[PDB]
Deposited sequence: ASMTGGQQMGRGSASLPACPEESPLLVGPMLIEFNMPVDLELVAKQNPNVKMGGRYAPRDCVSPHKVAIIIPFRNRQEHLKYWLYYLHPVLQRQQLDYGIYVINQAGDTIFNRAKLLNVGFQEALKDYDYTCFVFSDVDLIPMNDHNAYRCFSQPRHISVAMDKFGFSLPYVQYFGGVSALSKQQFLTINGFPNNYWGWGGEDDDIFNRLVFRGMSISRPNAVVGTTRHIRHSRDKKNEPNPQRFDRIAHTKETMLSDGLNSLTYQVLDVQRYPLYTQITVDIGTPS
């Protein structure tokens, strides 16, 4: 007998089911999704009741006018994240306006704003249109920067090239800070993920990946390696989290996610 703390959650969750059937041909009603996921709290926050997870994860989704894709993302990922026993929150970073979309800058915004809410220590950066096909593909951080979407159906279930880091990735707070976050000036130029990969390598990090069999993803309807090595080395410490500027225009907590609408400026 005696007062005692809740145990850490196990290394691997015993709740995982493995393969999942992913389809995008039926309607989704978020009110029904919330009712089927009653343990997910306002703003799309969840943590296990019976154990403490070492994975305090902010899932950051760059976004603009793709509500149907987001509804599928929520419908599929909330059950998966709870089965993975993560202490997580969902952040949809909505780019205000009509100017060119800037994926990497919105991801940086997500890192900085999610930290205002809670002491997250792991960050998953996910396009809104990528859904995992196996729940053994952990949505959390590892000893090295994690590439999650490693075998995408749109690329024939094969990695485009070994240095490809697009789609869905995860970086611990330490990993993200040491590369000064992501570049802010990729205004649809292409290759922002290759720049991120170059930053990680320059800092001595490598890429961790799940086994490809469980790393498969479906895309809701072959890239090549843009080169920028010298450029990334030149600019990574002066363009990134330290130089990030934006204005928060709206913050909405919905039952299944927090949506932060931001004005990130225009190409300079």
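S.K.: Tell me, which runs of residues in the deposited sequence have no coordinates at all?
M.R.: Several stretches lack coordinates - namely 1-10, 232-240, in sequence order.
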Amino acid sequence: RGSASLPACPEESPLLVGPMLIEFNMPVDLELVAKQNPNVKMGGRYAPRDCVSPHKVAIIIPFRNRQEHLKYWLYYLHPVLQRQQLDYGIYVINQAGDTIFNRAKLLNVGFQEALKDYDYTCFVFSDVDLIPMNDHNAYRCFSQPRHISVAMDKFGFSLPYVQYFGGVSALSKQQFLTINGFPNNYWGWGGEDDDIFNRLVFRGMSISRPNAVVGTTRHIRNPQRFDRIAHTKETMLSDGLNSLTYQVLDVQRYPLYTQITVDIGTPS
From here on, numbers count along this sequence of modelled residues.
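Here the rigid core means the biggest group of C-alpha atoms that line up within 1.5 Å when the two forms are laid on top of each other.
S.K.: Between 225-233 and 39-47, report the one with more C-alpha displacement in 5 other deposited structures of this protein relative to this form after a rigid core superposition.
M.R.: The stretch that sits farther from the shown form in 5 other deposited structures of this protein is 225-233.
S.K.: Comparing 189-197 with 71-79, which has C-alphas lying farther from the shown form in 5 other deposited structures of this protein once the core is aligned?
M.R.: More C-alpha displacement in 5 other deposited structures of this protein shows up in 189-197.
S.K.: Mean CA temperature factor from the deposited coordinates, higher in 92-100 or in 78-86?
M.R.: The stretch with the larger mean CA B-factor is 92-100.
S.K.: Taking the recorded C-alpha temperature factors, which stretch has the higher mean, 209-217 or 22-30?
M.R.: Taking the mean C-alpha B-factor of 209-217 and of 22-30, the larger value falls to 22-30.
S.K.: Checking the entry, which one of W73, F111, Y120, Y186 has the top C-alpha B factor?
M.R.: Largest recorded C-alpha B-factor: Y186.
S.K.: Checking the record values for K56, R66, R45, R203, which has the greatest CA B factor?
M.R.: In the PDB entry, the greatest C-alpha B-factor among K56, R66, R45, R203 is found at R66.
S.K.: Please place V52 in the lowest, middle or highest third of its chain by C-alpha B factor as given in the entry.
M.R.: Lowest third - that is where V52 ends up once the chain's C-alpha B-factors are sorted.
S.K.: By the recorded C-alpha temperature factor, relative to the other modelled residues in its chain, which third is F125 in?
M.R.: For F125, the deposited C-alpha B-factor lands in the lowest third.
S.K.: Would you mind ranking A8 by its C-alpha B-factor against the rest of the chain and naming the third, lowest, middle or highest?
M.R.: It falls in the bottom third of the chain.
S.K.: Using only modelled residues of the chain, where does the Cα B factor of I61 rank: lowest third, middle third or highest third?
M.R.: Tercile = lowest for this residue's CA B-factor.
S.K.: Where does the C-alpha B-factor of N198 rank in its chain, lowest, middle or highest third?
M.R.: Its C-alpha B-factor, which the entry lists for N198, ranks in the middle third among residues of this chain.
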